[PDB]
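Notes to accompany the following structure.
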Amino acid sequence: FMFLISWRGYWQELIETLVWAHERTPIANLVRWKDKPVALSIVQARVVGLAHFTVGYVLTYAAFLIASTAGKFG
Amino acid sequence: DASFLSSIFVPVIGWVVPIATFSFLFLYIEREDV
Amino acid sequence: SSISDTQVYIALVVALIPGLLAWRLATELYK
Amino acid sequence: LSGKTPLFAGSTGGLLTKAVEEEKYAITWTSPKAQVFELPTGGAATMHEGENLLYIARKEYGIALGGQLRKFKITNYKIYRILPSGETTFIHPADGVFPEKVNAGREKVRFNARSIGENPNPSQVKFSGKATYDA
Amino acid sequence: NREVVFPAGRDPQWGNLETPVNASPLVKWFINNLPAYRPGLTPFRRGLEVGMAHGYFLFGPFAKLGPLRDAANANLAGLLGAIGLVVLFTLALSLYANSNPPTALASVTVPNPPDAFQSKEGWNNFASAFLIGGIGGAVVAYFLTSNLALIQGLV
Amino acid sequence: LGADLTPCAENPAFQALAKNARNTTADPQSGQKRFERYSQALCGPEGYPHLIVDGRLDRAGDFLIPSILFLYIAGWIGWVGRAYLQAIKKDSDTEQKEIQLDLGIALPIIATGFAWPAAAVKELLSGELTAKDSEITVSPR
Amino acid sequence: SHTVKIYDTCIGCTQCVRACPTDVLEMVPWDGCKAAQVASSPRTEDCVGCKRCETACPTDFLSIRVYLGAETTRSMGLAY
Amino acid sequence: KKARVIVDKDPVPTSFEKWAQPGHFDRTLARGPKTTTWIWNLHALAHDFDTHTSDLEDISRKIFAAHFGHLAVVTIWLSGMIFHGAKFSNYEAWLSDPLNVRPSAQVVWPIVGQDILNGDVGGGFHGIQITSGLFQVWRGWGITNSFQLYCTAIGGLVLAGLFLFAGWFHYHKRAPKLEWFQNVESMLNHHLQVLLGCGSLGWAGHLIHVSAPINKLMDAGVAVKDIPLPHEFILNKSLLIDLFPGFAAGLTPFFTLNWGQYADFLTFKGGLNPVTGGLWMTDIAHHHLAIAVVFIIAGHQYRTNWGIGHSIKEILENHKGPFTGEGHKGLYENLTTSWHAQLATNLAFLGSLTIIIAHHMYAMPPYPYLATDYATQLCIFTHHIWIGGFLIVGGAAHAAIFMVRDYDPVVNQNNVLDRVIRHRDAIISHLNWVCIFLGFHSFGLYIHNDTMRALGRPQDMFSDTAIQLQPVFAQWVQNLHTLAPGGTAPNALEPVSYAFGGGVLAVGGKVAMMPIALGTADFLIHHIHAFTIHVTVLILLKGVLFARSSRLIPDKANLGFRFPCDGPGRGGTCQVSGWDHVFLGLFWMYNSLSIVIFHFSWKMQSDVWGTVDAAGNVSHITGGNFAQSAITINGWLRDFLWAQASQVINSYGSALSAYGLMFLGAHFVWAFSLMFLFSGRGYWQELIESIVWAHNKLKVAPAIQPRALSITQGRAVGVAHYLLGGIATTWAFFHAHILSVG
Ligand code: CLA
Ligand code: CLA
Ligand code: CLA
Ligand SMILES: CCCCCCCCCCCCCCCC(=O)OC[C@H](COP(=O)(O)OC[C@@H](O)CO)OC(=O)CCCCCCCCCCCCCCC
Ligand SMILES: CC1=C(/C=C/C(C)=C/C=C/C(C)=C/C=C/C=C(C)/C=C/C=C(C)/C=C/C2=C(C)CCCC2(C)C)C(C)(C)CCC1
Ligand SMILES: CC1=C(/C=C/C(C)=C/C=C/C(C)=C/C=C/C=C(C)/C=C/C=C(C)/C=C/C2=C(C)CCCC2(C)C)C(C)(C)CCC1
Ligand SMILES: CC1=C(C/C=C(\C)CCC[C@H](C)CCC[C@H](C)CCCC(C)C)C(=O)c2ccccc2C1=O
Ligand code: SF4
Ligand code: SF4
């Protein structure tokens, strides 16, 4: 629901401050990224949110189905 | 008596395969050669 | 109960064959 | 470049490591008087009477700043692209005239001599380098 | 009564502020003589001291909070956890090194980082040193806690 | 019919529910009159009256009578709305008359709407019910 | 970069050029409309892709289109 | 300049002409609709008076008239509640037996089966049991019969009509100028003196003469009909002196400062009344006397027409320092020229105050027979915490609206607002760090506990019988509060609350209040609270500091406060507006306050509330299972949500069946929100295209053309239904559990 409800520009503005904090911190200055950190894209976020949604859907129901039947009948 | 294989394969599949796989893929996706 | 140890080792050595063949197919599909 | 940097006490919003490594931008303008404006990085600054020079991370920052310099009736603002080689190129306006006005000597770029419902189908252009919008 | 917060280098255009936390002479003393930044050190010497300190403190949470912390094998399990995590850190440093990494950044506090962290060889020397220092620091923390009863008994 | 449908008047579970009937209204015999009215339906083994909707005339009151009643009232509402929208599309500002109703136009239409089936059939046969597919907008295929 | 195209249903009302926050667009001379001007997009390397130009365009089914493409530092709008 | 009254006579004529013109107030809505977007814009812009006019004086006149309209509807609500207590209530039967009659107004009419909601609430009465605590308020007011409630409700109707007439009057007949509103020193003096201090002094007068004698005769247990009417405590002074012997001295020890004579009815007893479980009415009267004197004194600080006093501008300009530049120079012009800035401050601090009121009223129950009524104790706590959270998110919204619209860089130049703008990246990145730290070390400890308990390793949990996390600082503070009577507070007899210590106070066999012990589960849940508040603050503060600009979109304040995006470019810039931060923060406010009210409900039912044995043993409702089950997520699932929702789902065919219906209907509205949250409007507009085709086919297409909801409206509807469904779910759950077990 995080990926489905909160959309991109919030996260992009938040990651810009994390980039500032990393480039202004001492000893953590010694390393950084070869690829620039960005927020997930709009389609990517729909992908990731739907994937989470359906994995959680499947695993919740399969846990309930197996356990409720096998606690009664083995 | 082959139940000793799990104490080899599960730590391999949990640590050695991820570290080697991620190390190769990290060095590969950051390389400017291929 | 179960199968013998030698059968487990034969199954692992036989599984070396499609592992090598899958490595060759996955590298050939990459080019 | 020539100009005085506007008077403010600094911010965390300013130039980051991108300036020293790939690209930096600058806007210059001349002001009739000293007056308070709003920085694109957040905050209040004072422009000088006379020429100014304020460095910015992106070109869009200078276009937003020059958009609010229209509200002070300052219309001689110039934007420069600055590479770490010291190579300064003048980008806006690029012709010398603002792009809202037609100037001669400007050529059409990326004009399609058709309406937009007259693009080819994607299957008609499939397995080739061309897109449906390309000519 | 005067201002304490300044732009860095007297130029307000950078994303920078000289604050008391950022640019105190005591803070600038301390960060600049940490072995990451101390002048007059080879990359091996920096990695060796950084490793020694990190192995030493990383012994602690494995020994006192791990699964075996109530057994007689508690301190040795903590030593093995700290050495395994030092080895993982060394592997991460070597992958960072061999990725042709970007350069270390100067800041308000450190005006100029060492040339050790600017190329691949300085990072590889650092990581080779970090491994040795880390295993040594974890071993010295192991012997100072596991024999702490005897060391108190010598008094 | 199917799955143990006895009459309500013979079902012992219906007779057991009728003894503990709740009063629906302030009438002290709403529950008794409810079960006396429901006594002629068919009944599951739990005591509750099941409805049969296949269209037989023994059970016309289950679904056939409310079907005719709904379809008449719904055609009234829809035909009156269609007549009002068609009457206001010529009066020089149509959108303003959709949020502010002309009562002098709408109220004779809601009075006229009792005979919507005859009006709808005369609308159908004269070709005035539908617009042509070339007259109304579509999107590119 | 992104790709910004202009079609001949342009009427030269200059609104896309005013809408652009990164100076991608400009007005060039023409004879195809009453205003005698088109839009043109020479600086598409500075296109962020924000589609303000398409919002500003008044012709029914736009005379300017942005086709989003390969993302760069300028097109992602990154100040770092 | 002096504070005076200048009034325009007859600014706006009273006529029904504009009631026939919907959207007359906006110049773009006055053209009439073309699409259905117009209809929603008429409601989104109805109270946005900056879009109505650009003149601050007419904006201020509109605001001042609309306040009287709002006061009218609130007084209609309050007189309605008092009228239902007068007429449709078992209040007189409840006064005679406060421990066994359940409080009820709202008889339900007998139609389609709904008279099952008229439960046996005691006192020979059938109706819906109420949890709003009006019975206790009228009890503490000293109301003894229905006729006094009828008089109060009629007076409330008169006062509501008087407010409504005042709102007509100050917009059409006598409307104040701009400088009448900008006398903030005059308004603060009058509010602190008259609206707070004189009000609290008059209320102390009522408490001394009416509430305390009648409630003292009730606690003696006389009768409801033998207690005399309270004007017979003024006319016949001997009835006071029989109860309170300090009245025999009269008013002469007040003026001669012999105030120890008044110690019969102005006590400092500290704890609770053992008969009612409420606060002592003499403590409450003494409270209001002290508070009244302090407020009257405090309302003389500010300069008005006579030279003495303070300029608030001169106070704010002197509070600069070496870290903060010019300090608070310019903040006076922000708060005197922007109504949104004032609404931000008052909304944030009024919400914070309501959360304080909720924490205070459970632990120090003011009203007689309030603490033993566990349904009222649960419901008023959770009600005022929700009012607090909503008002705080409102204060963040109006701070961002100030920052977009009314922020002036010339006024706010090197002051504390300009300096927090210029280091907003440091603030927001450290708050990001804090939120991640608090998340890991609050929720990850629960995940550790889940996994260690599931792996059969409870010796590795963070609990009281394993690795411990004791709340040493809160335990120390509660020790200091237990030891305060006789020590640091020598003139107090009992502690302020029994929540810190002092022993079980039982009323009618049930616990009124007992010490709330704090342990590892309490440590964990307070850090859950710290985490969820800090994340909500991150979202709202980020939306206020970045309302005008970020690194991504520089000219964000040109786009407005409330806008969907700036296109799919720059990677995609969806939800960058300050409005969208209010949107995202409403969910985290919901998350935080749901965990707060769940903590409250299960901590009280497990460790405070319950029945007291005749020996003195406390037997709690859920039996002390908070200590070992509130430390995992499986425990909160099973032992709280699964176990306590047994009463809302078994509630059909009974008096609590409307709670089960609301439970399912709220799950419905909650799930129905997600269609609006997870989708976007391109789908819905394209579906409306084919439906408009089928209407164009049958000649039923409307001229007001159908549009899908705007991106902002889709988000607004989604969060409104998400909040409505989730809060109504917890409402029906709380009601049906606590009306059954407590
Ligand atoms: C995020 C919260 C959290 C925390 C605090 C812990 C804590 C713990 N877990 Mg655990 N766990 C968690 C989440 C958490 N878990 C989750 C989410 C899972 C997934 C299911 C597990 C699964 C798990 C398993 C399977 C096991 C544990 C175990 C343990 C214990 C030993 C681990 C250890 O050696 O740490 C090693 C820690 C470090 C190497 C680093 C510690 C970090 C340091 C202290 C930070 C210091 C920062 C410092 C203040 C900054 C300095 C400033 C500078 C200027 C000086 C420890 C009590 C083991 C156990 O026996 O339980 C008792 C075990 O077997 N955990
Ligand atoms: C004048 C009224 C009117 C009429 C005659 C129709 C007619 C129709 N609609 Mg419909 N519709 C209306 C209003 C109306 N619509 C309104 C106001 C909305 C927005 C809620 C819709 C939304 C809508 C959808 C989403 C769909 C239809 C569909 C359809 C078709 C199938 C029947 C159906 O599904 O009904 C269902 C209609 C509703 C549930 C809408 C509620 C009807 C309201 C309550 C009554 C309107 C009466 C009007 C306000 C009174 C004015 C009278 C005047 C004197 C003032 C049919 C052509 C379907 C279609 O295309 O299938 C081919 C379809 O999918 N309608
Ligand atoms: C003292 C309280 C107070 C006041 C006076 C205002 C005043 C204002 N707010 Mg505001 N606000 C408040 C609290 C307050 N707010 C709170 C608590 C929040 C947090 C949720 C907000 C969040 C907020 C936002 C996010 C926005 C405003 C805006 C506005 C302005 C225009 C609003 C308008 O036209 O109304 C229009 C009102 C409606 C269309 C009604 C909406 C229907 C509500 C949401 C449903 C309520 C459900 C109901 C209670 C329960 C179900 C009942 C139902 C089944 C019948 C106006 C200045 C807007 C603006 O731009 O300001 C300049 C804006 O965008 N406010
Ligand atoms: C919004 C909530 C803030 C709380 C966040 C907590 C940690 C964040 C700290 C970040 C450092 C910020 C840099 C400050 C900005 C800075 O310039 O600092 C300097 C500032 C003083 O500035 P000046 O001296 O210039 O101020 C003079 C004028 O500004 C007028 O005061 O000192 C602080 O305020 C530090 C104290 C904050 C410490 C918070 C104490 C909270 C007290 C809590 C009382 C609660 C009740 C307790 C009962 C037991
Ligand atoms: C400053 C400060 C602080 C901090 C502190 C800390 C942070 C510390 C740390 C500490 C530590 C952390 C330490 C460490 C140490 C270490 C050591 C002591 C080590 C050693 C090692 C060694 C000696 C080894 C050797 C070896 C061996 C044995 C073997 C072989 C190898 C080798 C050679 C390596 C505080 C905050 C409090 C306060 C303020 C100030
Ligand atoms: C509940 C309610 C109500 C009621 C209310 C009331 C009934 C009120 C009252 C009120 C009151 C009844 C008040 C009063 C107050 C008073 C006051 C506030 C007074 C004070 C005074 C003073 C301040 C004094 C002074 C003095 C001195 C100090 C000394 C010298 C002399 C003299 C005397 C001057 C109503 C109906 C509305 C509605 C519903 C609700
Ligand atoms: C479902 C959905 C819609 C569809 C909803 C629409 C088009 C509005 C809902 C229809 C209204 C409620 C119809 C009102 C019509 C008449 C007022 C009904 C009158 C009936 C009388 C009896 C009063 C969106 O438009 C949308 C937009 C953006 C993001 C998400 C969504 C989204 O999820
Ligand atoms: S997408 Fe944006 S940057 Fe590109 S041409 Fe349009 S308005 Fe300009
Ligand atoms: S997905 Fe929607 S809100 Fe997001 S950038 Fe696109 S149009 Fe805007």
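Residues 668-741, in that order, are what chain A shows, numbered as in Swiss-Prot.
Per the header: electron microscopy, 2.4 Å.
Every residue, even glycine, has its Cβ placed from backbone N, Cα and C.
As given in Swiss-Prot:
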type	residues	note
BINDING	A:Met669, A:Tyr677	chlorophyll a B3 binding site
BINDING	A:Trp678	phylloquinone binding site
TRANSMEM	A:714-734	transmembrane segment
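Packing against the transmembrane segment (A:714-734) from elsewhere in the chain are residues 668-671, 707: each is 6 or more residues past its ends and has a CB under 8 Å from a CB in it. Counting every protein chain shown, the number of other Cβ atoms lying within 10 Å of the Cβ of A:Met669 (chlorophyll a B3 binding site) is 12. For the binding-site residues listed here (A:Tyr677, A:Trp678), the lowest count of other CB atoms within 10 A around the CB belongs to A:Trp678. A:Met669 (chlorophyll a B3 binding site) sits 11 Å from the residue listed as 'phylloquinone binding site', taking the C-alpha atoms as the reference points. According to its DSSP assignment, A:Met669 (chlorophyll a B3 binding site) is helical.
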